[PDB]
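J.:
Protein chains in written order, with the deposited numbering: chain A, 46 to 396, 407 to 411, 417 to 425, 432 to 442; chain F, 46 to 224.
#1: What residues match up with residue 130 of chain A in a beta bridge as DSSP calls it?
#2: If we ignore side chains and look at the alpha-carbon of each, how far apart do residue 382 of chain A and residue 287 of chain A end up?
#3: Taking Cβ-Cβ distances shorter than 7 angstroms, what residues in chain F pair up with residue 244 of chain A?
#4: Let me make sure I understand the geometry here. Which of A:432, A:425 and A:384 has the alpha-carbon closest to that of residue 419 of chain A?
#5: Name the DSSP beta bridge partners of residue 167 of chain F, please?
#6: Using a Cβ-Cβ distance under 8 angstroms, would residue 250 of chain A count as near chain F?
#7: Run through chain F and tell me which residues come within less than 9 angstroms of residue 101 of chain A, C-beta to C-beta.
#8: With a threshold of 8 angstroms between beta-carbons, can residue 170 of chain F be considered close to chain A, or not?
#9: My output table needs one value for residue 110 of chain A: the three-state DSSP class, helix, strand or coil.
#10: Using a C-beta to C-beta distance shorter than 9 angstroms, which residues of chain A count as neighbours of residue 58 of chain F?
#11: Could you pull the start and end residues of the alpha helix (DSSP H) that residue 97 of chain A belongs to?
#12: Under three-state DSSP, which class holds residue 296 of chain A?
#13: Could you round the C-beta distance between residue 295 of chain A and residue 310 of chain A to whole angstroms and report it? I think they count as a contact, below 8 angstroms.
#14: Residue 145 of chain A and residue 50 of chain A: beta carbons closer than 8 angstroms?
#15: Between which two residues does the beta strand (DSSP E) harbouring residue 193 of chain A extend?
#16: Could you name the residues of chain A that residue 194 of chain F contacts, counting a contact when the two beta carbons are closer than 9 angstroms?
#17: Use the C-beta contact count for residue 216 of chain A: other C-beta atoms within 10 angstroms, 16 or more gives buried, fewer gives exposed.
#18: Name the DSSP bridge partner or partners of residue 178 of chain A?
#19: Checking contacts by CB at 8 angstroms: is residue 255 of chain A closer than that to chain F?
#20: For the beta strand (DSSP E) holding residue 357 of chain A, just list the boundary residues, first then last.
#21: Please list the terminal residues of the continuous beta strand (DSSP E) segment that includes residue 151 of chain A.
#22: Which residue marks the beginning of the beta strand (DSSP E) containing residue 75 of chain F, and which one marks its end?
#23: Taking only the alpha-carbon atoms, compute the straight-line gap between residue 151 of chain A and residue 210 of chain F and give it to the nearest angstrom.
#24: What are the boundary residues of the beta strand (DSSP E) that residue 377 of chain A is part of?
#25: The segment 155-167 of chain A: which residues have C-beta closer than 9 angstroms to a C-beta of chain F, in chain order?
#26: Any Cβ of chain F within less than 8 angstroms of the Cβ of residue 261 of chain A?
#27: Going by Cα to Cα distance, which pick from A:343, A:361, A:368 and A:206 is closest to residue 303 of chain A?
#28: Secondary structure at residue 50 of chain F, three-state DSSP: helix, strand or coil?
#29: Hey, residue 61 of chain F and residue 76 of chain F: beta-carbon distance below 8 angstroms or not?
#30: Taking Cβ positions only, does residue 112 of chain F come closer than 8 angstroms to chain A?
#31: Could you name the residues of chain F that residue 426 of chain A contacts, counting a contact when the two beta carbons are closer than 9 angstroms?
#32: Would you check if there are 3 or more beta carbon pairs closer than 8 angstroms linking the segment 154-168 of chain A to the segment 176-184 of chain A?
#33: Mind the definition here: the segment 339-354 of chain A touches the segment 313-321 of chain A only if three or more C-beta pairs lie below 8 angstroms; say whether that holds.
#34: Taking the alpha-carbon positions, what's the residue 232 of chain A to residue 160 of chain A distance?
#35: Examine chain A for any beta-carbon lying closer than 8 angstroms to the beta-carbon of residue 88 of chain F, and answer yes or no.
#36: State buried or exposed for residue 70 of chain A, treating a residue as buried only when at least 16 other CB atoms are found within 10 Å of its CB.
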């Protein structure tokens with residue numbers, strides 16, 4: 046038997062007789078006494094310890110009181126209800142100490158086995174409580190270990206755990222995205238609402254994808270979290286100088302080609318001087334078409350006399366791809382749909408959208435007009 | 046009486062006196078002692094075993110701690126609340142071993158009877174937790190046994206169970222769909 050004095054702010058359901066000290070549940074000893082000093086909440090608990098553990102008892106040895114927790118966010122009364130309020134400890138590699146302060150709660154502990162620990166940077170936590178679950182193809186393969194705030198106040202650093210048997214799945218190019226919370230997915234001419242699983246909503250969750258070819262990540266390698274699966278899409282980025290984003294929306298405006306969506310505007314910002322600039326994501330399958338003399342034009346939903354297309358009207362403005370030939374390029378200037386004929390590799394320009417059809421008027425003031439290259 | 050040393054990462058609600066070792070509930074023995082070595086979470090549990098089971102005690106004999114689970118996803122405290130925290134075991138056809146490591150949780154076990162086991166390929170799991178139910182015309186006829194990831198990272202392999210009395214219902218052309 047030994048003696049250790051621990052300082053407690055509070056000592057709720059503790060009796061000197063039976064408060065068996067546990068280290069992952071193995072009894073290290075029992076409390077000898079509970080008392081207080083000068084009525085200042087310095088609840089001194091004298092504890093008996095088996096001499097086998099006495100050697101490891103050092104300065105960094107942490108202690109805490111476990112307790113049943115039937116609160117709104119807590120179920121950790123699995124053992125305290127049956128075995129009573131015990132206390133938990135963690136040995137430390139300090140030098141030595143006999144007078145201690147109990148930690149307020151149970152601290153997070155690291156398993157010594159071979160697992161993987163990695164860091165996610167995120168501007169915000171989202172609905173990711175400690176214990177939220179990590180998925181690969183909706184198969185749980187690890188969980189959230191802890192979260193904290195980087196020294197700068199402009200971000201959040203989460204550190205998460207991955208089981209041994211899946212340590213190969215995490216690559217350098219692997220992408221993580223949040224899956225948590227539930228919304229409505231309203232679409233025109235019909236709608237359906239399926240987002241996530243019940244646990245994913247109660248607790249929050251993460252999912253991740255691994256490229257086939259990348260190398261395996263390791264050793265607390267940082268990663269970036271994407272707020273949604275859509276933002277995690279692997280597509281190429283394109284910078285756009287715009288006339289004006291009257292109808293444009295940062296994540297709803299698509300890119301058309303051959304009638305199909307290939308790209309999605311991502312960012313839409315105002316630069317000083319009144320200039321508007323955006324950036325867009327494109328599927329790789331079309332990136333080879335992005336070359337010099339490749340023009341991008343904002344189309345407008347037209348009031349077709351023949352095929353009254355409601356969806357086009359509802360969607361509003363939309364871009365268009367029209368491939369060209371030349372060197373690859375990544376910066377583009379968007380042209381108005383009216384002036385599409387003007388910004389062409391071959392066009393007959395002469396010196407307001409009226410036809411000529418073999419051509420169209422470009423502008424008035432003096433009349434500037436254009437003729438197609440094939441009719442040239 | 047025998048002696049078996051099992052390594053536990055943690056040993057929460059266990060007492061040396063009454064922690065009856067069960068194999069589908071039949072008591073195989075009781076824990077003799079719980080202790081630790083060099084303070085490195087190698088919780089050594091010495092266990093007494095009835096000699097009848099001693100022969101089958103081999104290398105592949107698995108062990109685990111059952112526990113009440115009132116968490117968000119768990120109801121498996123039906124017996125641990127009444128009978129207390131026991132431990133479960135599965136015999137193995139190894140050679141022999143005396144020092145063991147307890148499995149973290151209760152592993153999935155296969156009934157020896159005549160049932161059917163089949164594999165579903167799916168690019169994603171969906172909301173199919175272990176225990177999700179298999180229907181024929183909304184009549185349950187089997188359940189999900191387990192799920193795993195194929196060696197390629199481009200899919201998921203579920204393996205599922207079908208009761209004996211419906212083994213005739215599954216045909217080569219039969220189609221499965223998620224609900």
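Quick reminder that beta carbons are idealized off the backbone N, C-alpha and C, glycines included.
T.: Quick answer:
#1: Numbered from its first residue, the first chain carries residue 130 of chain A at position 85. Answer is none; residue 130 of chain A lacks a bridge partner.
#2: To locate residue 382 of chain A, count along the first chain from 1; it is residue 337. To locate residue 287 of chain A, count along the first chain from 1; it is residue 242. Each residue's Cα considered, the two are about 12 angstroms apart.
#3: Stepping through the first chain from its first residue, residue 244 of chain A is reached at position 199. The contacting residues are 117 and 118.
#4: Looking up residue 419 of chain A in the first chain gives position 359. If we check each option's Cα against that of residue 419 of chain A, A:384 comes out closest.
#5: The sequence position of residue 167 of chain F within the second chain is 122, counting from 1. Bridge partners of residue 167 of chain F: F:201.
#6: Taking the first chain and counting its residues from 1, the one referred to as residue 250 of chain A is at position 205. Output row for residue 250 of chain A: interface = no.
#7: The residue you call residue 101 of chain A lines up with position 56 of the first chain. The answer, in chain order, is 83 and 84.
#8: Taking the first residue of the second chain as position 1, residue 170 of chain F is located at position 125. Chain A, which has a Cβ nearer than 8 angstroms to the Cβ of residue 170 of chain F, makes this yes.
#9: As a working note, residue 110 of chain A is residue 65 in the first chain. It is a strand residue.
#10: Here residue 58 of chain F corresponds to residue number 13 of the second chain, with the count starting at 1. Chain A residues near residue 58 of chain F: 70, 123, 124, 127 and 128.
#11: The sequence position of residue 97 of chain A within the first chain is 52, counting from 1. Counting along the chain, residue 97 of chain A sits inside the alpha helix (DSSP H) bounded by residues 96-99.
#12: As a position in the first chain, residue 296 of chain A is number 251, starting the count at 1. DSSP places residue 296 of chain A in coil when its eight states are reduced to three.
#13: Residue 295 of chain A sits at position 250 when you count from the first residue of the first chain. Residue 310 of chain A sits at position 265 when you count from the first residue of the first chain. Indeed they touch by this definition, with Cβ atoms about 6 angstroms apart.
#14: To locate residue 145 of chain A, count along the first chain from 1; it is residue 100. To locate residue 50 of chain A, count along the first chain from 1; it is residue 5. For residue 145 of chain A and residue 50 of chain A, yes; Cβs fall inside 8 angstroms.
#15: Taking the first residue of the first chain as position 1, residue 193 of chain A is located at position 148. Note, residue 193 of chain A: beta strand (DSSP E), 184-193.
#16: On the second chain, residue 194 of chain F is found 149 positions in, with the first residue counted as 1. Within 9 angstroms Cβ-Cβ: 181, 182, 184, 186, 211 and 214.
#17: One-based indexing of the first chain puts residue 216 of chain A at position 171. Burial state of residue 216 of chain A is buried, judged by a 10 Å Cβ sphere holding 16 or more other Cβ atoms.
#18: By 1-based counting over the first chain, the position of residue 178 of chain A is 133. Its beta-bridge partners are A:188 and A:250.
#19: Working through the first chain from its first residue, we reach residue 255 of chain A at position 210. So, interface residue.
#20: In the first chain, the residue the question calls residue 357 of chain A occupies position 312. Note, residue 357 of chain A: premise wrong, no beta strand (DSSP E); alpha helix (DSSP H) at 355-360.
#21: Taking the first chain and counting its residues from 1, the one referred to as residue 151 of chain A is at position 106. First-last for residue 151 of chain A: undefined, no H or E at that position.
#22: Locating residue 75 of chain F in the second chain gives position 30, counting from the first residue. Where residue 75 of chain F is concerned, the enclosing beta strand (DSSP E) stretches over 71-80.
#23: For the purposes of this step, residue 151 of chain A is identified with residue 106 of the first chain, where counting begins at 1. For the purposes of this step, residue 210 of chain F is identified with residue 165 of the second chain, where counting begins at 1. About 51 angstroms.
#24: Walking along the first chain from the start, residue 377 of chain A turns up at place 332. Residues 376-381.
#25: 156, 157 and 158
#26: As a first step, residue 261 of chain A must be located in the first chain, where it is residue number 216. Closer than 8 angstroms: no.
#27: Taking the first chain and counting its residues from 1, the one referred to as residue 303 of chain A is at position 258. When only C-alpha atoms are compared, the closest one is A:368.
#28: Walking along the second chain from the start, residue 50 of chain F turns up at place 5. It is a strand residue.
#29: Residue numbering aside, residue 61 of chain F sits at position 16 when the second chain is read from its first letter. Residue numbering aside, residue 76 of chain F sits at position 31 when the second chain is read from its first letter. Yes; because the gap between Cβ atoms is below 8 angstroms, this pair is in contact.
#30: Position 67 of the second chain holds residue 112 of chain F. Residue 112 of chain F counts as touching chain A.
#31: Between 425 and 432 the numbering of chain A has a gap, and residue 426 of chain A falls inside it, with no coordinates.
#32: no
#33: Under the three-pair Cβ rule at 8 angstroms, the segment 339-354 of chain A does not count as touching the segment 313-321 of chain A.
#34: To locate residue 232 of chain A, count along the first chain from 1; it is residue 187. To locate residue 160 of chain A, count along the first chain from 1; it is residue 115. Rounded to whole angstroms, residue 232 of chain A to residue 160 of chain A spans 43 angstroms at the Cα level.
#35: Taking the second chain and counting its residues from 1, the one referred to as residue 88 of chain F is at position 43. Yes, contact with chain A.
#36: Here residue 70 of chain A refers to the residue found at position 25 of the first chain. With 16 or more other Cβ atoms within 10 Å, it is buried.
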